[PDB]
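Each of the two blocks below gives one form of the same protein chain as structure tokens; they are labelled structure 1 and structure 2.
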Structure 1
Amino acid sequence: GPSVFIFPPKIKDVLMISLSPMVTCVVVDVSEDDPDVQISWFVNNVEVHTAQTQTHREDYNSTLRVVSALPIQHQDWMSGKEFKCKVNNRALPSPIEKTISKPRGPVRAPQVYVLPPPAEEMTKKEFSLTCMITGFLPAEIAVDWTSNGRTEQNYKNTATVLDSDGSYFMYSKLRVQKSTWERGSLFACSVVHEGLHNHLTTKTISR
């Protein structure tokens, strides 16, 4: 029978004013036999009408998937409003309702350090800069690297890890060519998180 998953906005979309956060309801395992699904949306129990809906056939398994995305405003998310989708379909005994909201909770800024390559690695052609990001709450975060305003396309983030502290940590590893490092370039680890002034901090390292 059909199931419904509700998704919050991406952290970066809600913490940066130029972006476009979305709350999304996804209805999965809609039978070919009962294909018609009615989705309706609510913000603090007031019905709203701006959601964009798409329907995908999954012919291979005789099902369909319906995706409904509500475009939201950053302040409504940050102030705690409840976003609710109600899903109706003839194969359900009653409508399924899913709700989501920003959980109220403690907020700890991460400490962010950019660490140079180890001495033992300098003898190589390329090597690893480490962005260490510790002590943050809640777990939602975004971490990216740039150089001279160019997004580097060769870094890897670890998954976030719960520290024995109650807080979370992660690391991001940037691979850099020796030549780029020796010509004096600035590498910037930028971290987006609820704790940070203007929701953003950027730490830079070079030779």
Structure 2
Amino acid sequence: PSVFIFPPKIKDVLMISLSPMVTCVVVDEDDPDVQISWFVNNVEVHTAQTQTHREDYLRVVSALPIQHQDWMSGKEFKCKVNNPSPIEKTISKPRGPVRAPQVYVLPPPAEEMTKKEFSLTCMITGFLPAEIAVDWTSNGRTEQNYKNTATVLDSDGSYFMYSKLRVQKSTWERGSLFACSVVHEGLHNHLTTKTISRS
């Protein structure tokens, strides 16, 4: 077989209310006896959840809940898998500079406020490292009809991205406050928002 190790979501590690996880997905019915051991800076940990997946097209999935600060301070996380000789797989957050994002919600054209539904754009600029989470709300309630671009390497070595939220011309005209909510390690309490409305 061959294994792939994935990082926690950056929003989960920066938000103490959330549950970050390191995930080990191992590729390759014959035998379903495969043990997955886990290590943080080479000390074995026994708290992972593993559930099995027989694929018809196997892959087993083991998720290690992690301490937020272990990821942030750069520890690695390793998964050793068993079922030849066993496969190792490591992962960590590398060290480097931090620059806070600048966040801007852009007013939409008028010709768009005409349509039954139109897009609000949030522009996020000047940040390092590139990992970032961007989502939206409406009157403080979680909103989901948005899409983010991938981050792009800008000329000064920082990153930028945009987020686009779809809105109902009816919800806008009733005075709903829309906000772009951005989570990044360079921000106060790891979060910042920008608001726009009809108003």
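Every residue number counts along structure 1's sequence, beginning with 1. Rigid core here is just the name for the largest C-alpha set that superposes within 1.5 Å across the two forms.
A displacement of 2 angstroms or greater separates the C-alpha positions of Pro118 between structures 1 and 2, with the rigid core held in common. In a rigid-core overlay of the protein, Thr24 has its C-alpha displaced by under 2 Å between structures 1 and 2. Residue displacement note: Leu70 has its CA displaced by under 2 Å between structures 1 and 2 (rigid core superposed). Per-residue C-alpha deviation between structures 1 and 2, core superposed: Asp165, 1.9 Å.
Superposed on the rigid core, the forms differ at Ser179: its CA is offset by 4.0 Å between structures 1 and 2. Taking the core as reference, the C-alpha deviation of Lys12 between structures 1 and 2 is 0.6 Å.
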